[PDB]
Structures are given as structure tokens and as C-alpha cells.
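Everything on this sheet refers to the single structure shown next.
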Amino acid sequence: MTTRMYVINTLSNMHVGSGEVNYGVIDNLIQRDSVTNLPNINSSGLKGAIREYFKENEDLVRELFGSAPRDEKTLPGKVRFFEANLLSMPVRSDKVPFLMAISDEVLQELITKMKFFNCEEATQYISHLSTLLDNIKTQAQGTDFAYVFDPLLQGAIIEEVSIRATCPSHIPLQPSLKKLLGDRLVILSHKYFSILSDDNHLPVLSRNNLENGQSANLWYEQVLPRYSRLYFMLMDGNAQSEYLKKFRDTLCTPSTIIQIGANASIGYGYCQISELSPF
RNA sequence: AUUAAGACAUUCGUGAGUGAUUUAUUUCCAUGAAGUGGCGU
């Protein structure tokens, strides 16, 4: 059993249907965490997407994901998928087209989850992320903060929350942390991130059905913004080494794009998968 | 080997159909092409 952290990096808008009792303006909402109320993907959706991508190799699917439903013989799965949690999200700016937004609470939860799960590359990542968080907390000193690290991005204005970003020169961002969290990164207070990821500031798209030139239906759709990043955990129950290595190589190859969620025929939820690179 | 295993809230769906920046408003009112001859005592 080797627990591994995979990052998603959605290439398009992601819509994963919540299915829970919806009464508001938006007819189709996305899945949100019960505890933090941040966008997330259920491990059922992850398993379904990965099994659909790999369904053409029957033996790999049978070994790792198990037996298809309505099969006479039932075989257990060997990989355990964990829910995908939002790591960073694109927020709109004025000096640059967008900024990658992460909250200090998201960072702390990531540190706690890596410490809890014992990821393969957890040691150096935990050390560097803890140093970054301590430096950030020292710089903020209990106040609201919006920290960018490139000196050029100094003075960037996050649109929805009219916060101007500041650049503390004391805080170094390591290249691998930049790879994990994204480019053009801003680290905010969790209040700002919660405002930016709530139902009022997430992108809502209008849809209608045209019958003989007139709209029959109309509804509004919530989508996770393009270029968002989510991390999940994969646990291999000591599955066969060759199937595991083939699955990991196909998952990490640049040509492989996974569809998670709804609206597949109109290109929603198309994402890559990135393993935790050694620090 | 444990009241277990397996299962993407997913498929279909054009924010569209009808819609003159238009109705109305005087570039007008005032005014003399007119004043005056002179020497030849």
C-alpha cells in the first residue's frame, strides 16, 4: 500500500451534479463539501471517470477497479479513491487575465491531509509548506492578506472582492510549490476564498432548449472555473505491479485527458492528472 | 475475508422568439439703395 497524491488541473469547466435538494436561483449546482462547503468531487465520480477512460483494457479494469455491475461474479477493487478537494482556483484580476487563488486554510488542510495519509513525497512538501504558512502568518499578523510572490504581480486587484494584492519580499516560493499550487498564485484569507468560491461568485451559465425556433425550457448551470486544481489520494491494495505501473503511466502521460462530470458532449470537466513530483 | 462486492446525478437541450432611436419643432424677427448740386451773382 503506497498512498499517492494526484492533482487534477481541469482543462475546461467542470460540472459535477450534487443531486441534493436545490431551491435557489441556479437549477444545476455542483458538489460541495459537507464540512468546509468548498467544491469537491466524490470518489465515486473519480472512480467512474477513470474506469470509463480505461474501459477498453478489460483486464486492467477488472484488476484495479473491480467487476462491472450486473456481473455474475463480484470482484473487489484494489485501488481506493479518495474525494478530490479544491486546491486552487482562478480568480479574475486586472494586471493579468487571472490569478490562482489558494486560502491559508486550504493550505493547512492540505498539510494535515499529507501528514495523515503519509504521501510518498510528503516529507519535503510538508516541511516547505509549513515554512511558507509560518512566514505568511508572521507577515499577516492576524489581518486579512492577499499575497503575491512575483514582484510584477504586485498591485493586482482581485475583482469580486476588491482586494489589492501585496508582495512581501521576505516570503520565498519554491519552484515545486509553484508547480503544485499553480502559476500567478495569490494566497488569501479563507474569508476571501469562501466568498470567491460561493454560489454567488462561481460562474453560472444560461441554457435553453429551442423547439421550432422558440425556447421550450430554460435553466441555469453552475460550473467550476477552467484551470482549477484539485487533489485526491489513491491507495493501491498491493495490486499487480504491471497493471499498477501501466495505470500510473497512462494517468501521468501528457496525452491523457479525463472527463469528469456532466456535459461531456459539450466539453465539460476535461482534465489532466498529475502525480506528486519529487521535491 | 469483516451483514460483503460492484455503480461519474448521467443522456438529450443554441438564452431564444416578435421590436425603424422614433413622434413633435418655419434659420425667423429689424432695417427706405438712399443723401446732395454748384459755379456762370
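Letters A, B, ... mark the chains of the C-alpha cells in the order given; residue numbers begin at 1 per chain; ligand numbers begin at 1, in order shown.
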
Counting only C-alpha atoms (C1' of nucleotides), what is within 10 Å of residue 6 of chain B, bar same-chain residues fewer than 3 positions away, as an MDAnalysis selection string? chainID A and resid 65:71 73:77

Expected file: the selected residues, N, CA, C and O atoms, as a PDB file, in the first residue's frame:
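Written out: out.pdb:
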```pdb
ATOM      1  N   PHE A  65     -10.215  -1.711 -10.621  1.00  0.00           N
ATOM      2  CA  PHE A  65     -11.490  -1.129 -10.229  1.00  0.00           C
ATOM      3  C   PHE A  65     -12.533  -2.169  -9.853  1.00  0.00           C
ATOM      4  O   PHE A  65     -13.467  -1.846  -9.113  1.00  0.00           O
ATOM      5  N   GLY A  66     -12.402  -3.398 -10.338  1.00  0.00           N
ATOM      6  CA  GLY A  66     -13.298  -4.455  -9.922  1.00  0.00           C
ATOM      7  C   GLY A  66     -14.168  -5.006 -11.029  1.00  0.00           C
ATOM      8  O   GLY A  66     -13.800  -4.963 -12.205  1.00  0.00           O
ATOM      9  N   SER A  67     -15.332  -5.526 -10.658  1.00  0.00           N
ATOM     10  CA  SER A  67     -16.259  -6.129 -11.602  1.00  0.00           C
ATOM     11  C   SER A  67     -17.378  -5.152 -11.927  1.00  0.00           C
ATOM     12  O   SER A  67     -17.844  -4.415 -11.055  1.00  0.00           O
ATOM     13  N   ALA A  68     -17.798  -5.147 -13.185  1.00  0.00           N
ATOM     14  CA  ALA A  68     -18.889  -4.285 -13.596  1.00  0.00           C
ATOM     15  C   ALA A  68     -20.177  -4.703 -12.892  1.00  0.00           C
ATOM     16  O   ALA A  68     -20.328  -5.861 -12.496  1.00  0.00           O
ATOM     17  N   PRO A  69     -21.115  -3.777 -12.704  1.00  0.00           N
ATOM     18  CA  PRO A  69     -22.392  -4.149 -12.091  1.00  0.00           C
ATOM     19  C   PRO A  69     -23.156  -5.119 -12.975  1.00  0.00           C
ATOM     20  O   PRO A  69     -22.926  -5.219 -14.182  1.00  0.00           O
ATOM     21  N   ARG A  70     -24.084  -5.841 -12.348  1.00  0.00           N
ATOM     22  CA  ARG A  70     -24.873  -6.874 -13.021  1.00  0.00           C
ATOM     23  C   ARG A  70     -23.973  -7.939 -13.644  1.00  0.00           C
ATOM     24  O   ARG A  70     -24.272  -8.490 -14.704  1.00  0.00           O
ATOM     25  N   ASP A  71     -22.862  -8.227 -12.978  1.00  0.00           N
ATOM     26  CA  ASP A  71     -21.996  -9.340 -13.334  1.00  0.00           C
ATOM     27  C   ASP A  71     -22.220 -10.476 -12.348  1.00  0.00           C
ATOM     28  O   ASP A  71     -22.425 -10.240 -11.154  1.00  0.00           O
ATOM     29  N   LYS A  73     -20.184 -12.791 -11.171  1.00  0.00           N
ATOM     30  CA  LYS A  73     -19.129 -12.871 -10.173  1.00  0.00           C
ATOM     31  C   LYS A  73     -18.676 -11.465  -9.802  1.00  0.00           C
ATOM     32  O   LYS A  73     -18.491 -10.614 -10.677  1.00  0.00           O
ATOM     33  N   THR A  74     -18.527 -11.219  -8.505  1.00  0.00           N
ATOM     34  CA  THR A  74     -18.188  -9.900  -7.988  1.00  0.00           C
ATOM     35  C   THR A  74     -16.765  -9.924  -7.452  1.00  0.00           C
ATOM     36  O   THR A  74     -16.454 -10.693  -6.536  1.00  0.00           O
ATOM     37  N   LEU A  75     -15.909  -9.075  -8.012  1.00  0.00           N
ATOM     38  CA  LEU A  75     -14.522  -8.980  -7.599  1.00  0.00           C
ATOM     39  C   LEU A  75     -14.271  -7.632  -6.952  1.00  0.00           C
ATOM     40  O   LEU A  75     -14.707  -6.603  -7.485  1.00  0.00           O
ATOM     41  N   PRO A  76     -13.594  -7.594  -5.808  1.00  0.00           N
ATOM     42  CA  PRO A  76     -13.338  -6.312  -5.148  1.00  0.00           C
ATOM     43  C   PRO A  76     -12.342  -5.467  -5.922  1.00  0.00           C
ATOM     44  O   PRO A  76     -11.500  -5.975  -6.665  1.00  0.00           O
ATOM     45  N   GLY A  77     -12.450  -4.156  -5.738  1.00  0.00           N
ATOM     46  CA  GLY A  77     -11.462  -3.256  -6.285  1.00  0.00           C
ATOM     47  C   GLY A  77     -10.184  -3.270  -5.469  1.00  0.00           C
ATOM     48  O   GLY A  77     -10.175  -3.585  -4.281  1.00  0.00           O
TER      49      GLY A  77
END
```

Once you count only C-alpha atoms (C1' of nucleotides), what closest atom pair and distance in Å to one decimal does each residue of chain A within 7 Å of chain B have, with rows by chain and rising residue number, as a Markdown table?
```
| residue | atom | partner | partner_atom | distance |
| --- | --- | --- | --- | --- |
| A:17 | CA | B:9 | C1' | 5.3 |
| A:18 | CA | B:9 | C1' | 6.6 |
| A:19 | CA | B:9 | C1' | 5.4 |
| A:44 | CA | B:8 | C1' | 6.4 |
| A:45 | CA | B:8 | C1' | 3.9 |
| A:46 | CA | B:8 | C1' | 6.8 |
| A:48 | CA | B:8 | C1' | 4.6 |
| A:49 | CA | B:8 | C1' | 5.7 |
| A:66 | CA | B:6 | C1' | 6.8 |
| A:67 | CA | B:6 | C1' | 5.6 |
| A:68 | CA | B:6 | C1' | 5.7 |
| A:69 | CA | B:6 | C1' | 4.9 |
| A:74 | CA | B:5 | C1' | 5.3 |
| A:75 | CA | B:5 | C1' | 6.1 |
| A:76 | CA | B:5 | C1' | 5.5 |
| A:206 | CA | B:15 | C1' | 6.3 |
| A:207 | CA | B:15 | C1' | 6.2 |
| A:208 | CA | B:15 | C1' | 5.9 |
| A:209 | CA | B:13 | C1' | 4.5 |
| A:210 | CA | B:14 | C1' | 6.9 |
| A:213 | CA | B:17 | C1' | 6.5 |
| A:214 | CA | B:17 | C1' | 5.2 |
| A:215 | CA | B:16 | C1' | 5.3 |
| A:260 | CA | B:8 | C1' | 6.5 |
| A:261 | CA | B:8 | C1' | 6.0 |
| A:262 | CA | B:10 | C1' | 6.6 |
```

Pull C-alpha atoms from the residues just selected and write them as a JSON list (two decimals), in the first residue's frame.
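Output below, filename out_2.json:
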```json
[["chain", "number", "residue", "atom", "x", "y", "z"],
["A", 17, "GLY", "CA", -24.01, 17.28, -10.14],
["A", 18, "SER", "CA", -24.80, 17.50, -6.44],
["A", 19, "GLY", "CA", -28.27, 15.95, -6.64],
["A", 44, "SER", "CA", -17.48, 7.73, -6.94],
["A", 45, "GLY", "CA", -17.11, 10.27, -9.74],
["A", 46, "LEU", "CA", -13.34, 9.84, -9.79],
["A", 48, "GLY", "CA", -16.26, 6.27, -12.68],
["A", 49, "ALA", "CA", -14.25, 8.67, -14.84],
["A", 66, "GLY", "CA", -13.30, -4.46, -9.92],
["A", 67, "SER", "CA", -16.26, -6.13, -11.60],
["A", 68, "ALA", "CA", -18.89, -4.28, -13.60],
["A", 69, "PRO", "CA", -22.39, -4.15, -12.09],
["A", 74, "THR", "CA", -18.19, -9.90, -7.99],
["A", 75, "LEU", "CA", -14.52, -8.98, -7.60],
["A", 76, "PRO", "CA", -13.34, -6.31, -5.15],
["A", 206, "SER", "CA", -27.68, 30.05, -19.05],
["A", 207, "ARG", "CA", -29.05, 27.20, -21.15],
["A", 208, "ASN", "CA", -32.22, 26.81, -23.18],
["A", 209, "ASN", "CA", -33.81, 24.22, -25.47],
["A", 210, "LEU", "CA", -35.09, 25.50, -28.82],
["A", 213, "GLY", "CA", -37.22, 28.42, -33.17],
["A", 214, "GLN", "CA", -38.67, 29.11, -29.71],
["A", 215, "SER", "CA", -37.28, 28.19, -26.31],
["A", 260, "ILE", "CA", -15.35, 14.01, -15.00],
["A", 261, "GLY", "CA", -18.91, 15.21, -14.56],
["A", 262, "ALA", "CA", -21.77, 16.07, -16.88]]
```

What's around segment 129-137 of chain A at 10 Å? Count only C-alpha atoms (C1' of nucleotides), leave out sequence neighbours fewer than 6 positions away in its own chain, and write the answer as a compact mmCIF listing (two decimals) with N, CA, C and O atoms, in the first residue's frame.
```txt
# COMPACT_ATOMS: atom_id res chain seq x y z
N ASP A 104 -5.26 30.18 3.13
CA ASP A 104 -4.37 29.62 4.14
C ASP A 104 -4.99 28.40 4.81
O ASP A 104 -4.27 27.49 5.23
N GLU A 105 -6.32 28.36 4.91
CA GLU A 105 -6.98 27.20 5.49
C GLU A 105 -6.92 26.00 4.55
O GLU A 105 -6.76 24.86 5.00
N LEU A 107 -4.43 25.50 2.51
CA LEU A 107 -3.05 25.06 2.67
C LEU A 107 -2.87 24.25 3.94
O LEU A 107 -2.20 23.20 3.92
N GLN A 108 -3.44 24.71 5.05
CA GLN A 108 -3.29 23.98 6.31
C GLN A 108 -3.97 22.62 6.25
O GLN A 108 -3.45 21.63 6.77
N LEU A 110 -4.39 20.88 3.53
CA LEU A 110 -3.52 20.05 2.69
C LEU A 110 -2.35 19.51 3.49
O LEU A 110 -1.98 18.33 3.35
N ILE A 111 -1.75 20.34 4.34
CA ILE A 111 -0.64 19.89 5.18
C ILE A 111 -1.11 18.79 6.11
O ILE A 111 -0.44 17.75 6.27
N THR A 143 -4.27 39.79 10.31
CA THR A 143 -5.07 40.65 9.44
C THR A 143 -5.39 39.93 8.14
O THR A 143 -4.79 38.90 7.80
N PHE A 145 -5.15 39.24 4.33
CA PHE A 145 -3.98 39.35 3.49
C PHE A 145 -4.27 38.80 2.10
O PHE A 145 -5.10 37.91 1.92
N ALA A 146 -3.57 39.36 1.11
CA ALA A 146 -3.60 38.88 -0.27
C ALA A 146 -2.18 39.00 -0.79
O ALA A 146 -1.75 40.08 -1.21
N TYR A 147 -1.44 37.90 -0.76
CA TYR A 147 -0.01 37.90 -1.01
C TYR A 147 0.30 37.27 -2.36
O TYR A 147 -0.03 36.10 -2.59
N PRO A 168 5.10 40.62 -0.26
CA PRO A 168 6.16 40.60 0.76
C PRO A 168 7.40 39.92 0.22
O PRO A 168 7.36 38.75 -0.18
N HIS A 170 9.98 38.98 1.81
CA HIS A 170 10.57 38.02 2.73
C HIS A 170 10.15 36.59 2.46
O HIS A 170 10.81 35.66 2.95
N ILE A 171 9.08 36.37 1.70
CA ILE A 171 8.47 35.05 1.55
C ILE A 171 9.00 34.44 0.25
O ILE A 171 8.68 34.95 -0.83
N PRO A 172 9.79 33.36 0.31
CA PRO A 172 10.20 32.68 -0.92
C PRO A 172 9.26 31.54 -1.29
O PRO A 172 8.84 30.75 -0.45
N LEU A 173 8.93 31.47 -2.57
CA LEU A 173 8.10 30.40 -3.11
C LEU A 173 9.00 29.46 -3.90
O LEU A 173 9.59 29.86 -4.91
N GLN A 174 9.09 28.21 -3.44
CA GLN A 174 9.95 27.24 -4.10
C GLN A 174 9.36 26.84 -5.45
O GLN A 174 8.15 26.91 -5.65
N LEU A 177 6.68 24.07 -5.11
CA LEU A 177 5.43 24.60 -4.58
C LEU A 177 4.68 25.37 -5.65
O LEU A 177 3.44 25.30 -5.73
N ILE A 187 -2.22 34.08 -2.33
CA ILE A 187 -2.62 33.41 -1.10
C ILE A 187 -3.45 34.38 -0.28
O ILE A 187 -2.96 35.44 0.13
N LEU A 188 -4.71 34.03 -0.06
CA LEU A 188 -5.69 34.90 0.56
C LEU A 188 -6.07 34.37 1.93
O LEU A 188 -5.69 33.27 2.34
```

I want to know what sits within 10 Å of residue 225 of chain A, based on only C-alpha atoms (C1' of nucleotides), with residues of the same chain fewer than 5 positions away left out; could you give that as a PyMOL selection string? chain A and resi 10-15+89-91+197+202-204+269

Write a file of the selected residues as a PDB file, in the first residue's frame, keeping C-alpha atoms.
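As a result, selection.pdb now contains:
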```pdb
ATOM      1  CA  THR A  10      -9.151  20.826 -15.112  1.00  0.00           C
ATOM      2  CA  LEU A  11      -8.752  21.990 -18.715  1.00  0.00           C
ATOM      3  CA  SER A  12     -12.393  23.105 -19.091  1.00  0.00           C
ATOM      4  CA  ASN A  13     -15.420  23.988 -16.973  1.00  0.00           C
ATOM      5  CA  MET A  14     -16.301  21.233 -14.504  1.00  0.00           C
ATOM      6  CA  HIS A  15     -19.890  20.369 -13.583  1.00  0.00           C
ATOM      7  CA  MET A  89      -8.987  28.318  -8.327  1.00  0.00           C
ATOM      8  CA  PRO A  90      -8.626  31.064 -10.951  1.00  0.00           C
ATOM      9  CA  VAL A  91      -9.782  34.477  -9.750  1.00  0.00           C
ATOM     10  CA  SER A 197     -15.989  30.065  -4.331  1.00  0.00           C
ATOM     11  CA  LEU A 202     -18.973  30.888  -9.234  1.00  0.00           C
ATOM     12  CA  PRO A 203     -19.719  31.007 -12.980  1.00  0.00           C
ATOM     13  CA  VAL A 204     -23.393  30.488 -13.820  1.00  0.00           C
ATOM     14  CA  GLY A 269     -14.892  18.517 -16.957  1.00  0.00           C
TER      15      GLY A 269
END
```

Tell me which protein, DNA and RNA residues are within 9 Å of segment 158-164 of chain A, counting only C-alpha atoms (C1' of nucleotides), leaving out same-chain ones fewer than 6 positions away, and put them as JSON, numbers by chain. {"A": [91, 92, 93, 94, 98, 99, 145, 146, 192, 195, 196, 201]}

Writer output for current selection, N, CA and C atoms, as a PDB file, in the first residue's frame:
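Heads up, here's the output in out-v5.pdb:
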```
ATOM      1  N   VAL A  91      -9.012  33.285 -10.074  1.00  0.00           N
ATOM      2  CA  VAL A  91      -9.782  34.477  -9.750  1.00  0.00           C
ATOM      3  C   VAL A  91      -9.349  35.594 -10.687  1.00  0.00           C
ATOM      4  N   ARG A  92     -10.285  36.485 -10.988  1.00  0.00           N
ATOM      5  CA  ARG A  92     -10.081  37.468 -12.039  1.00  0.00           C
ATOM      6  C   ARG A  92      -9.337  38.689 -11.518  1.00  0.00           C
ATOM      7  N   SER A  93      -8.368  39.155 -12.305  1.00  0.00           N
ATOM      8  CA  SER A  93      -7.537  40.290 -11.925  1.00  0.00           C
ATOM      9  C   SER A  93      -7.545  41.362 -13.008  1.00  0.00           C
ATOM     10  N   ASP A  94      -6.726  42.398 -12.840  1.00  0.00           N
ATOM     11  CA  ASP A  94      -6.637  43.490 -13.803  1.00  0.00           C
ATOM     12  C   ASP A  94      -5.275  43.604 -14.468  1.00  0.00           C
ATOM     13  N   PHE A  98      -5.921  36.271 -15.077  1.00  0.00           N
ATOM     14  CA  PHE A  98      -6.455  35.636 -13.883  1.00  0.00           C
ATOM     15  C   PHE A  98      -5.306  35.325 -12.939  1.00  0.00           C
ATOM     16  N   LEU A  99      -5.661  35.053 -11.689  1.00  0.00           N
ATOM     17  CA  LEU A  99      -4.712  34.644 -10.668  1.00  0.00           C
ATOM     18  C   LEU A  99      -5.192  33.346 -10.040  1.00  0.00           C
ATOM     19  N   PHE A 145      -5.151  39.243   4.333  1.00  0.00           N
ATOM     20  CA  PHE A 145      -3.977  39.348   3.485  1.00  0.00           C
ATOM     21  C   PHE A 145      -4.270  38.803   2.097  1.00  0.00           C
ATOM     22  N   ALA A 146      -3.573  39.363   1.111  1.00  0.00           N
ATOM     23  CA  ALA A 146      -3.603  38.881  -0.268  1.00  0.00           C
ATOM     24  C   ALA A 146      -2.176  39.000  -0.792  1.00  0.00           C
ATOM     25  N   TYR A 192     -11.919  35.481   2.056  1.00  0.00           N
ATOM     26  CA  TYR A 192     -11.925  35.879   0.654  1.00  0.00           C
ATOM     27  C   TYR A 192     -12.155  34.681  -0.256  1.00  0.00           C
ATOM     28  N   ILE A 195     -15.718  33.585  -0.136  1.00  0.00           N
ATOM     29  CA  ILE A 195     -16.529  34.500  -0.934  1.00  0.00           C
ATOM     30  C   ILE A 195     -16.375  34.194  -2.419  1.00  0.00           C
ATOM     31  N   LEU A 196     -15.146  33.926  -2.862  1.00  0.00           N
ATOM     32  CA  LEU A 196     -14.893  33.727  -4.283  1.00  0.00           C
ATOM     33  C   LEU A 196     -15.396  32.384  -4.794  1.00  0.00           C
ATOM     34  N   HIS A 201     -20.454  33.840  -6.662  1.00  0.00           N
ATOM     35  CA  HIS A 201     -19.307  34.228  -7.471  1.00  0.00           C
ATOM     36  C   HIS A 201     -18.791  33.113  -8.368  1.00  0.00           C
TER      37      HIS A 201
END
```

For residue 27 of chain A, find every residue with an atom within 9 Å (counting only C-alpha atoms (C1' of nucleotides)), except residues of its own chain fewer than 2 positions away, and show them as a JSON list (two decimals) with N, CA and C atoms, in the first residue's frame.
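Generated output (result-v3.json):
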```json
[["chain", "number", "residue", "atom", "x", "y", "z"],
["A", 22, "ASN", "N", -32.36, 21.26, -4.06],
["A", 22, "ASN", "CA", -31.96, 22.56, -4.57],
["A", 22, "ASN", "C", -33.21, 23.42, -4.68],
["A", 23, "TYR", "N", -33.15, 24.63, -4.13],
["A", 23, "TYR", "CA", -34.31, 25.51, -4.10],
["A", 23, "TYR", "C", -33.99, 26.93, -4.55],
["A", 24, "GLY", "N", -32.75, 27.23, -4.92],
["A", 24, "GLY", "CA", -32.33, 28.58, -5.21],
["A", 24, "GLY", "C", -32.48, 28.96, -6.67],
["A", 25, "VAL", "N", -31.73, 29.98, -7.07],
["A", 25, "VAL", "CA", -31.82, 30.51, -8.43],
["A", 25, "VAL", "C", -31.25, 29.52, -9.43],
["A", 29, "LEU", "N", -26.58, 22.71, -9.52],
["A", 29, "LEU", "CA", -25.49, 23.07, -8.63],
["A", 29, "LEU", "C", -24.41, 22.00, -8.68],
["A", 219, "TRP", "N", -32.80, 26.93, -18.03],
["A", 219, "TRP", "CA", -32.23, 26.63, -16.73],
["A", 219, "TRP", "C", -30.82, 27.20, -16.66],
["A", 220, "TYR", "N", -30.32, 27.33, -15.44],
["A", 220, "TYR", "CA", -29.02, 27.94, -15.18],
["A", 220, "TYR", "C", -28.08, 26.92, -14.57],
["A", 221, "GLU", "N", -26.84, 26.92, -15.03],
["A", 221, "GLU", "CA", -25.87, 25.88, -14.69],
["A", 221, "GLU", "C", -24.68, 26.48, -13.96],
["A", 222, "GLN", "N", -24.27, 25.82, -12.88],
["A", 222, "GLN", "CA", -23.08, 26.20, -12.14],
["A", 222, "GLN", "C", -21.92, 25.32, -12.59]]
```

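If only C-alpha atoms are the atoms counted, then among A:64, A:101, A:271, A:84 the closest residue to residue 31 of chain A is A:84.
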